[PDB]
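For the sequence shown, the positions run -2 to -1, 1 to 63 when mature numbering (1 follows the signal peptide of the UniProt record, and there is no 0) is used.
Built from N, CA and C at the ideal position, the CB exists for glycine as well.
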Amino acid sequence: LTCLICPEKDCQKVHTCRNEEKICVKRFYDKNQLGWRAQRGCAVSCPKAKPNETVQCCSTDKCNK
């Protein structure tokens, strides 16, 4: 499957998650004290996370923002 990935405010680069996985999940953190970090990863499940962090996965082509 193909998904857009790019750890940045305004930016998205197409990627290919060719492997045992199928969907693409993304996780980033945003807090005070000038804090902002993003990280994506291929998988086949959409787990959860803390109420502070942000997580989002997609199971469609060009879906994963």
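| Query | Result |
| --- | --- |
| Distance CB(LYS24)-CB(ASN62) smaller than 9 Å | yes |
| Simplified DSSP assignment, three categories, for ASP8 | coil |
| Same chain, Cβ closer than 7 Å to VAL12, neighbours up to 5 away in sequence not counted | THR(-1) and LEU2 |
| Identity of the residue in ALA41, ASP59 and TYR27 nearest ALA47 by Cα | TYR27 |
| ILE21 beta carbon less than 9 Å from that of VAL42 | yes |
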